[PDB]
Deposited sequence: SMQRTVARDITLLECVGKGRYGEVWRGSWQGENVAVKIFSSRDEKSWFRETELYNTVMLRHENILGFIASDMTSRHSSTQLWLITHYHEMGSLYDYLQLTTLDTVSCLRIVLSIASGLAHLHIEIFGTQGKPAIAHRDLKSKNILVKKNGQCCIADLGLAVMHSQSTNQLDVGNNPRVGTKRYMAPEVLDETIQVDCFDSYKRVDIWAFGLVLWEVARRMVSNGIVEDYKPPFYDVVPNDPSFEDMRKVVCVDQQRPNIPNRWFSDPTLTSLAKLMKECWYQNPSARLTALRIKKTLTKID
C-alpha cells in the first residue's frame, strides 16, 4: 500500500526563535507544520515523548497529526504536524476583534476546559497522566471557527503519574521558591498564567459601549522583552497585579471575571483556584 507523506507547504504563518510554522496541505486538507530550529530541538523531543506516552484527544487541545524526523546530509530536520486553525492565535484575534458576553465566556471556558483536561489524571485504559503545560499564554492558544479555543505547544510540558515566557511567569518561578519536587506546583504556575490570559480577554469584552485596547499583561510596568529581573521586581518585590478598570464593575460578567482573576493571582500558590474550580465558576456566570 501507498503511504502518502508529501506535505505541500503553502504559507509561513509564524517565525521565531523556535523555527517556523507553515500552513500546509496533505491529501487536500489543511495542516499546520512546525519546523523546529536547532535551538529548540528539545521541545520537539518533549512533545513527541508526551504524545508517545498518551495520545491526547480533546476539543480544547491542539490536535496532533504527526512527528517527523528526517535525516539530512549534515543535519536533522524535525517537524510537528497538527490541525490548522485559520483564525490564528488568541493573541492575533484579540488585536482587532472585540467580544460580547457570550463569546468572551465561550473563549475562557474552553481554555479552562483544555487546561483542566491536561491537569487531571485519568485512571484506567482510556486514561492519561496529569500534565502541566508550563508556557500558557495567548500566543499558545488558537481560536476555532466555532468560537472555542484550543491550547497548543507542549514542548515544555511535564507529566505526573527552554523556560517559560517571562512575562507570564508566576512569582514563585521568578523568586526561585517553587517546590520543584511537587507536581502540584507546576499546575499552580499554569493557573497564574491562566489568570493573565483571562485578563487579556476580558479587556476586549464590550460593556456599556466601552472596551479596552488589546495589551499584554504588565504592559504598563515592564518593557518589551522584559528581563527576568524586571519581572521579579514587579511581580515579587512590589507584588503588582494587572489593573482592573472601573467599568468592569458596572457589568455582572466582568465583575465575576475580575474576582476569578484575583483568585488565580495569589502570591501563595496553594491559595489559587484549581482548573476544575475555575470551570465550575465559569459555568455559573450568566
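Checklist entry - Given the full deposited sequence, which segments carry no C-alpha coordinates? => result Gaps in the modelled chain, taken against the deposited sequence, lie at 1 to 3, 165 to 176.
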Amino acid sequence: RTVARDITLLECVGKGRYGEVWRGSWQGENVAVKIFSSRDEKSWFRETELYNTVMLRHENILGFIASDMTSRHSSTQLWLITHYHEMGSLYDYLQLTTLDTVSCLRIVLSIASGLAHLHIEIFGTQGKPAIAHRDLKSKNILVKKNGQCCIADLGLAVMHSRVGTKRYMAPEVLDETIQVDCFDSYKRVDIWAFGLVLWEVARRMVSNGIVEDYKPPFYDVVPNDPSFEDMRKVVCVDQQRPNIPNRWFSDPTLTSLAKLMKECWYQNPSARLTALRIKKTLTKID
From here on, numbers count along this sequence of modelled residues.
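The term rigid core refers to the maximal set of C-alpha atoms that superpose within 1.5 Å between the two forms.
Next on the checklist: Aligning on the core, I want to see which stretch wanders more in 6 other deposited structures of this protein. Is it 141 to 149 or 75 to 83 by C-alpha RMS?
Outcome noted: Most displaced of the pair in 6 other deposited structures of this protein: 75 to 83.
Next on the checklist: I'd like to know which segment deviates more from the shown structure in 6 other deposited structures of this protein: 216 to 224 or 48 to 56, using C-alpha RMS over all structures and residues after a core fit.
Outcome noted: Comparing 48 to 56 with 216 to 224, the one that moves more in 6 other deposited structures of this protein is 48 to 56.
Item to check | Other entries lacking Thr177, at least a third | outcome: No, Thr177 is modelled in every one of the other compared entries that cover both of its flanks.
Checklist entry - Would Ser161 be found without coordinates in at least a third of the other compared entries? => result Across the compared entries, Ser161 is left out in at least a third.
Checklist entry - Comparing 274 to 282 with 7 to 15, where is the mean C-alpha B-factor higher? => result Looking at the record's C-alpha B-factors, the answer is 7 to 15.
Checklist entry - Comparing 30 to 38 with 240 to 248, which stretch shows the greater average C-alpha B-factor in the deposited entry? => result It is 30 to 38 that shows the higher mean C-alpha B-factor.
Next on the checklist: In terms of recorded Cα temperature factor, pick the maximum from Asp100, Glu86, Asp153, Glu200.
Outcome noted: By C-alpha B-factor in the record, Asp100 ranks first.
Checklist entry - Whose CA atom has the top B-factor in the entry, of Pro216, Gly164, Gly195, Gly114? => result Among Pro216, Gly164, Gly195, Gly114, the highest C-alpha B-factor in the entry belongs to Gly164.
Checklist entry - Hey, what third does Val180 fall into on Cα B-factor, ranked over its chain? => result Highest third, going by the recorded CA B-factors of the chain.
Checklist entry - Where does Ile141 sit by CA temperature factor within its chain: lowest, middle or highest third? => result It falls in the bottom third of the chain.
Next on the checklist: Please say which third, lowest, middle or highest, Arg134 falls into when its CA temperature factor is compared across its chain.
Outcome noted: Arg134: CA B-factor falls in the middle third of its chain.
Checklist entry - Among the modelled residues of its chain, does the C-alpha B-factor of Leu96 lie in the lowest, middle or highest third? => result Ranked within chain, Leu96 CA B lands in the highest tercile.
Checklist entry - Taking the entry's C-alpha B-factors for this chain, is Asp190 in the lowest, middle or highest third? => result It belongs to the lowest third of the chain when residues are ordered by C-alpha B-factor.
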